[PDB]
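Visitor: model the following, please.
(6 chains, ligands or ions: 4)
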Amino acid sequence: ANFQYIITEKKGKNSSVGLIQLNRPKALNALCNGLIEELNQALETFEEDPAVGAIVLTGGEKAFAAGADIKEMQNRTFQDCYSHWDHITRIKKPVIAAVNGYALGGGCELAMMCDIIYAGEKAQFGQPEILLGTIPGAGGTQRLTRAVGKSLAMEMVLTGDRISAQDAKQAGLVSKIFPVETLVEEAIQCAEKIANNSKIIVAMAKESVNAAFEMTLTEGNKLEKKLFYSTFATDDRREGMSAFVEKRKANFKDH
Amino acid sequence: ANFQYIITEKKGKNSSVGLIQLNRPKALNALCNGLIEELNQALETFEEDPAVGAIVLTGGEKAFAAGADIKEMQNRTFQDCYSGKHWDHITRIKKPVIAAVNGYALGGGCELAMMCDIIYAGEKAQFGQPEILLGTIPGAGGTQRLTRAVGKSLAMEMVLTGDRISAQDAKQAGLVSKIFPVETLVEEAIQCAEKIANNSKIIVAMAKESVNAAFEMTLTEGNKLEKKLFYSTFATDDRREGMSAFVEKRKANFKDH
Amino acid sequence: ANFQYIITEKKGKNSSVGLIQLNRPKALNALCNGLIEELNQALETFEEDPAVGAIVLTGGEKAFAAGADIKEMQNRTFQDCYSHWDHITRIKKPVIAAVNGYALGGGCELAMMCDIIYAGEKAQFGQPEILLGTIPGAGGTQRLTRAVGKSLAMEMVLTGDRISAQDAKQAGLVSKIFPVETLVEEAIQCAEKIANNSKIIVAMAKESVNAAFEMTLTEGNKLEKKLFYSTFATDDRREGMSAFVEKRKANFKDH
Amino acid sequence: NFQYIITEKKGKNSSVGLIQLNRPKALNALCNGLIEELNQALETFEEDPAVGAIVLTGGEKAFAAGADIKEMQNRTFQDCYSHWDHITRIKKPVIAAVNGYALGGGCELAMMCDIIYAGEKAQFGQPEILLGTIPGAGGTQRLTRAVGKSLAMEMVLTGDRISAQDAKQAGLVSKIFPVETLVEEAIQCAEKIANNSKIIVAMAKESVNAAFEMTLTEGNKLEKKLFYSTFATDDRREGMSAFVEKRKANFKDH
Amino acid sequence: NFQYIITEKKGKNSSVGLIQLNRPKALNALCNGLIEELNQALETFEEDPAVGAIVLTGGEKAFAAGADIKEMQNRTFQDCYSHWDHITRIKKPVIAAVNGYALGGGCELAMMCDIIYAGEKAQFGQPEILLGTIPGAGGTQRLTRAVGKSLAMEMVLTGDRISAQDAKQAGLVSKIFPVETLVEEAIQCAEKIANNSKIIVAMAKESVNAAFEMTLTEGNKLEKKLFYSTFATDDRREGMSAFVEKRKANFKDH
Amino acid sequence: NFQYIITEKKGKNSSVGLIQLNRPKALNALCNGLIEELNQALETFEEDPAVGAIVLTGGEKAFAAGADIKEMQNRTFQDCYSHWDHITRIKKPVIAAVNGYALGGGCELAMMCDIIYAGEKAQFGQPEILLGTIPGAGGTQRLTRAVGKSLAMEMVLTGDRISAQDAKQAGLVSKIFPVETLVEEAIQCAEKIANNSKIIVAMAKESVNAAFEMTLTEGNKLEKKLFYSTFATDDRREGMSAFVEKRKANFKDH
Ligand SMILES: CCCCCCCC(=O)SCCNC(=O)CCNC(=O)[C@H](O)C(C)(C)COP(=O)(O)OP(=O)(O)OC[C@H]1O[C@@H](n2cnc3c(N)ncnc32)[C@H](O)[C@@H]1OP(=O)(O)O
Ligand SMILES: CCCCCCCC(=O)SCCNC(=O)CCNC(=O)[C@H](O)C(C)(C)COP(=O)(O)OP(=O)(O)OC[C@H]1O[C@@H](n2cnc3c(N)ncnc32)[C@H](O)[C@@H]1OP(=O)(O)O
Ligand SMILES: CCCCCCCC(=O)SCCNC(=O)CCNC(=O)[C@H](O)C(C)(C)COP(=O)(O)OP(=O)(O)OC[C@H]1O[C@@H](n2cnc3c(N)ncnc32)[C@H](O)[C@@H]1OP(=O)(O)O
Ligand SMILES: CCCCCCCC(=O)SCCNC(=O)CCNC(=O)[C@H](O)C(C)(C)COP(=O)(O)OP(=O)(O)OC[C@H]1O[C@@H](n2cnc3c(N)ncnc32)[C@H](O)[C@@H]1OP(=O)(O)O
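Guide: Numbers count the residues shown, from 1 in each chain, chains lettered A, B, ... in the order given. Ligands and ions are numbered 1, 2, ... in the order given. Sharing the structure here:
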């Protein structure tokens, strides 16, 4: 429906890419509860849209998201905490984060929840939760550490210091850096490529990669094998291999 | 043995390095079932050869291995796959295995290199997991070892698009530890295998087992296992000789015992 | 007490940083049992000193620590061993390692036990245990691998080869590289920053980041959440978020 | 309102939310519609401040004979690949009062509950194998973890059923009561849980569940963090003071 | 053919692969030669399309009294660090019919089996401690996971034996039968399993085993993936249809 | 020189270190001072070359009624973030002879022990919930792992107690003895253990403990490494030889 905090729209060839834009410039995209609710709606919608194969999440040019909404948490109590934030992780289709500008606190964690992260030349990542007398509460101490290593993760989480796009890429937090002006376009091109592939196979691949963080290498490889065997129960695997053998373009039907 | 797809031979000082070279150039070293069987044979042989301390696995200059053999699985069914189950044997080898990757190391080829303990890349090597382009996903640790070495963002990008990354990219990301000119790559990998072979076999096997454990348990339990293995080295003659040699300011004489 | 192998002292703004300096220059700071005992004492002392918020551990300019003391284990037997080295991991306050020069074997492991590692331009890391007929025995095969990746870790552990500061940073083993002359000063500045934040919250954050190596991503995020909720039971969380909302400097009380 | 389930509050001061599966015709076979209502009832009781614990039960002859086979009969692999365990998202304790058949999906639903009380004639089993499939809702995970590999393999591979007595001896269920008083007894247990601090009860339940998600070392660390957390509540202060002051504790779920 | 074991096809349609340890003089002490033949028999039965389940047993006096001490007596540490668990690579179900002694390596072998049936006079134990060593084939892992820490510690640290009734009560074994009919009963169970779809049975067995290799959360996710997989088979379709059409299922193992 | 505990060496050759909690007035409430002495006694017995196993017990009426409520009553959340399980750092086996009450911290202490023997009238429980808190020393972890989720949830959420018979049936304790002979019997078991090689016993105990810290696969690998290690000891050679030579083994703890 008519969204208050986000702007959605389909893009790329055949409009196969679902674009979600955080639109709360006043608050530098502070992830207030309302914005989160709309974001989850947009994600669910694009997830159920058969023409969409990949989603691109972005914010403004100055800020992807400055964090969660302090104003909204300010008066919460411990007990409140014990009486929605990671719905993006339940989405089966790939989600690419096009990070331009600030991606701090909850904003940084939201980007890390995405499968792939592309950063604009002037993006900035950080977990300033410590400066607010709290710690990251949406995977900031988990996903950051796993991607960047203990030393840098400890430095960022304990001081609240920010790192550049170049630092993030070097550390493995993000895989590409693009000029501010073309960042979103480039992320859409990548989303396109992914959308071109079979949707069912892409979902299986994404699930396999994610498993790398939930089990031992041994069990991860076993799960990957089971999923690999599964692709053989699909038409697109048959079509993909035949196309290869027949040296012709493959025609995937997401089935 | 009389191999059809691979070329083996001992190299390095005292012929301590076992060199296995994938040899199916017309198929750019596509890993067909027959080649896999010979590779495993060569590995087992070098493993049982007491003169060998480390193995170097390589392919051609244009390709380490362009991938599994699609033509061989193109007709398989789900039931075939399940009710039919050896791609991972190289992981059962106790001696270190170094992959000297020159050119293409894609799909199964990339996974094979990642199964190796160390990876050295030639200036023009290329890594990628194009399984997605074939309507399938990596099936030999491609989504596990790549991710663990390269991080989620790059791993997702590669696995989901099938895009390739350069040798420089792979090194920067931690997939490979060294990059050498195409012409000297294999020589350099042999030098490293030699250094490793110089050490005590038994101790080297324990160390390799310890490092591998870093991917199978919590840091806490990993450190405990490492401790047990560390204590174990004290039950060997080489440990004694090694420390004695250092204290006595003289060269160590290891006997792999 | 009056230490024989280490030099301690408080530094940074308001002497909030506890500096421990390994001082056995003749043995290139080889980690003998006596030095380890003093180091543990210094750590415990700084841990219990209310004025200290972070500790900086360093050695000489030529060597952080050349390794454990070989002569001391030279005559030990397997039964000796099976029937203290990592107490530094029991410290709740952050510990930063300012590595200048050699950080080999036990020295490298000690540095890796620290939360953050800063390296001087000429630092060198390596695990030469293999050259002595033994393997790293204080997390060298675990922390190195987890930070540097399997390929480089195997190369280092199996050959005993050393890597440069630049290599270590690129691989994620250390997060910063500074000139030899200012390295310790820079690490103290980082410790200062950490010490200005809430001690209790900092301890929780450090615990959260460390958990990234002890459980699946799913459970790690759950633990992080519980710790996040916990911060709400503190005065500093309330002051931190209030200060932000009221556009004013936060005054933490480590409570 | 509900077509497949019957809900109602019970116990002291109506602190117990009782959900009763009601599709006697199909022996409470868990069809998609019933699952949707069950989840609703659960969410409702979860949000009801008056409720401290939930009791889930079915009929006297069957808790739930299994998922609805006719509903999946024609599904294909792609349909599948493209919530039956929402009960696991509930923070308040859920007790399963199993009378009669608790097979397949029914057995898995009971195992998803925190506590299981079985009527004298209850029967547990995972017959999915007889249908050319395997348990798909934790049947091979929760059963094994509670009963051990030998018995779990026997049940899953043959589809054989085990008695209430077997289930109790194996640790699948913690109590066995006469068919007629089973539900009443489960409600008494839920009452007791409801009398304790909700916030503390939620933390304890989360701690016990963690025993299946991490190593003992990390589990103990998490438990410690939760233990420290209780000190941030009024109920913990009240509970310990009441003890020291030899008086009854008055919890406020805060 | 074989020196230490006796194999033969049993059960309806010869669907059961029976392997019998045959080293009576050494009370089936698991020497290296016997292990090699056992692995051969397993591989053979595994590749035999007519076999759906394997039953492993020994004599009436002893399933297997332990590894062969004589064989390791002279080994050194270095020797040790320079295929005991092959039975674990078999995809088809393996039932252990334990009669008499199942000690040390013998106990571990039985524990490696998916299901364990014990004769009235079976005896389990891990006496490795009495020999100056510890169980080296999962004795401290599988025993503990099945029996609990207290009893496992007692057995491993003292070398004490437990009865068939103790083993069953503790969950080590799921059934106890008279010595004379034990093997027959295990074959009947193997028959039942063999009757079901081989591919689905292999998936189920893999799912149950996963209960010991990952957190409940990941185990449930793996089980789900395998569950979806069954939908890519003809047997699942046949199984569910047969139920719906109230008729007998004809599985074709695919 | 102990105020809260009574120690003394018992059994053949004074091979068993017996520690008796002695604060009958407080039903052995584990106050901080008692914990400090307990740890001292443990460390002492651990360093005593003549001791091979420790037996921990309390009074006939109570092993330990819990941690000291009076001592934590005034603690704050912040205090909590400013050596309760040191018994777990002891390499030699520790047997808990539980007579009477073993509640809360007391129950957790018993569970930290390697083996638990219970007197006919022992009682186990985790009443932390009744005090507005949750078990904080492994009560939700070790209890669950030994007793299963259903019973563990029941105990932790209601604070209800279970009998010795219940505890044994659930696997929490491995033996039940009359109140009067319980400690004697536990000492006999400690004797047996102390009979074997101390170095090998330490390795075995470490192996069994690993069953709760890693996947079955890695646990088996660790066990293997420990198994190989035993071959680097004289006691293993002595043990195997003694068996081969049909003679009694003479262990020298190395
Ligand atoms: C499960 C539940 C979730 C838990 C997850 C983890 C916890 C967190 O995410 S906490 C968030 C951490 N983020 C922060 O501390 C960042 C706060 N913001 C900043 O530091 C600055 O805005 C910064 C550096 C990005 C840019 O500074 P600047 O260019 O001067 O812009 P600035 O004027 O501060 O911001 C503009 C407006 O956005 C608002 N805003 C910015 N960030 C936030 C935020 N995180 N919450 C609420 N409002 C915010 C500002 O208050 C201001 O509004 P106004 O002037 O009307 O009060
Ligand atoms: C349970 C606890 C677990 C144990 C943990 C794991 C095991 C380990 O840590 S073993 C450590 C491995 N490290 C080594 O072998 C490195 C030894 N050091 C070196 O090789 C060199 O000192 C190096 C390369 C750093 C610098 O070279 P260089 O500048 O020429 O110095 P160099 O002349 O070799 O040595 C100078 C002095 O330092 C001493 N020293 C340096 N490292 C050590 C050491 N590890 N042990 C003992 N003495 C040492 C030397 O003995 C020598 O003293 P002296 O002349 O009186 O005999
Ligand atoms: C993530 C997605 C979830 C995945 C989870 C795992 C998979 C599963 O749960 S599959 C379910 C396994 N369950 C079964 O195979 C049990 C099927 N039922 C039975 O065996 C018998 O009903 C039994 C033994 C319980 C009782 O027999 P009986 O007393 O004769 O009663 P019975 O006549 O069979 O049942 C009465 C009615 O209930 C129906 N019914 C019973 N169970 C089911 C069921 N599971 N699905 C659908 N309808 C069922 C019967 O079809 C019959 O209806 P009708 O005669 O109009 O067709
Ligand atoms: C890491 C930090 C550790 C965290 C671990 C987890 C948390 C816990 O352990 S909390 C402990 C939970 N235990 C309890 O709630 C049990 C409390 N006690 C009881 O319920 C009863 O004493 C019971 C049922 C055992 C016996 O009742 P009864 O026979 O009437 O004896 P009772 O009169 O109550 O006890 C005798 C004396 O011992 C004292 N006492 C008993 N238990 C405790 C205790 N846990 N703490 C302090 N004092 C205690 C009583 O206060 C009384 O002393 P006094 O009359 O002078 O004040």
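
Visitor: dihedrals phi and psi, residue A:212?
Guide: Dihedral pair for residue A:212: phi -60, psi -20, per degrees, to the nearest 10.

Visitor: count residues in the vicinity of it, would you?
Guide: Neighbours of residue A:212 under the rule other Cβ atoms under 10 Å in any protein chain shown: 26. Just so you know, the C-beta spots here come from the backbone N, C-alpha and C atoms, and that holds for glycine as well.

Visitor: for the residue nearest to it when sequence neighbours are not counted, give me its contacts.
Guide: In space, not counting the residues next to it along the chain, residue A:212 is nearest to residue B:147; the distance is 3.9 Å by Cβ to Cβ, 6 or more residues apart in numbering or on different chains. With contact taken as Cβ atoms under 8 Å, 6 or more residues apart in numbering or on different chains, residue B:147 is in contact with A:209, A:212-213, B:155.

Visitor: again, only using 7 Å
Guide: Neighbour list for residue B:147: A:209, A:212, B:155 [criterion: Cβ atoms under 7 Å, 6 or more residues apart in numbering or on different chains].

Visitor: that's a helix at the first one, yeah?
Guide: The reference is to residue A:209. Yes. Assessed by DSSP: H, G, I helix; E, B strand; the rest coil, residue A:209 belongs to a helix.

Visitor: now the helices for the stretch 151-255 of chain A?
Guide: A:165-171, A:183-196, A:199-210, A:217-231, A:235-245 (DSSP state H, counting those that start in this stretch).

Visitor: residue A:234 and ligand 1, how far apart?
Guide: Counting by Cβ to the nearest ligand atom, to the nearest Å, the gap from residue A:234 to ligand 1 is 37 Å.

Visitor: for that residue, grab phi and psi.
Guide: phi -110, psi 160.

Visitor: quick check: the residue of the stretch 1-150 of chain A nearest chain C.
Guide: residue A:133 (2.6 Å; Cβ to the nearest Cβ).

Visitor: quick check: phi and psi on that residue?
Guide: Backbone torsions of residue A:133, given as degrees, to the nearest 10, read phi 80, psi 20.

Visitor: what of residue A:123?
Guide: phi -70, psi 160.

Visitor: same deal with the one 3 residues further on?
Guide: Geometry field for residue A:126 lists phi and psi as phi -180, psi 160, criterion degrees, to the nearest 10.

Visitor: circling back: quick check: which of the helices of the stretch 151-255 of chain A is nearest to ligand 4?
Guide: helix A:217-231 (32.8 Å; Cβ to the nearest ligand atom).

Visitor: any idea of the angle the closest one forms with helix A:235-245?
Guide: 90 degrees (axes from the mean of the first three to the mean of the last three Cα atoms, to 10 degrees).

Visitor: residue A:96 looks like it's in a helix, true?
Guide: No. According to three-state DSSP, residue A:96 belongs to no helix; its state is strand.

Visitor: just the C-alpha atoms of stretch A:120-138, please, in PDB.
Guide: Extracted C-alpha coordinates of stretch A:120-138, given in PDB (Å, rounded to 0.1, in the frame of the first residue of the first chain):
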ATOM      1  CA  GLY A 120      29.500   3.600  -2.600                       C
ATOM      2  CA  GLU A 121      32.800   5.300  -2.700                       C
ATOM      3  CA  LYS A 122      31.900   7.300   0.500                       C
ATOM      4  CA  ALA A 123      30.100   4.600   2.500                       C
ATOM      5  CA  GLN A 124      30.900   4.300   6.200                       C
ATOM      6  CA  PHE A 125      30.300   1.300   8.500                       C
ATOM      7  CA  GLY A 126      30.300   1.300  12.200                       C
ATOM      8  CA  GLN A 127      28.700   0.000  15.400                       C
ATOM      9  CA  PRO A 128      28.400   3.000  17.700                       C
ATOM     10  CA  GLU A 129      26.100   1.200  20.100                       C
ATOM     11  CA  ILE A 130      28.800   1.400  22.800                       C
ATOM     12  CA  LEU A 131      28.700   5.200  22.700                       C
ATOM     13  CA  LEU A 132      25.100   4.900  23.700                       C
ATOM     14  CA  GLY A 133      25.700   2.600  26.700                       C
ATOM     15  CA  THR A 134      24.500  -0.500  24.800                       C
ATOM     16  CA  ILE A 135      25.900  -3.100  22.500                       C
ATOM     17  CA  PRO A 136      24.800  -4.100  18.900                       C
ATOM     18  CA  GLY A 137      21.600  -6.100  19.200                       C
ATOM     19  CA  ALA A 138      20.900  -7.300  15.700                       C
END
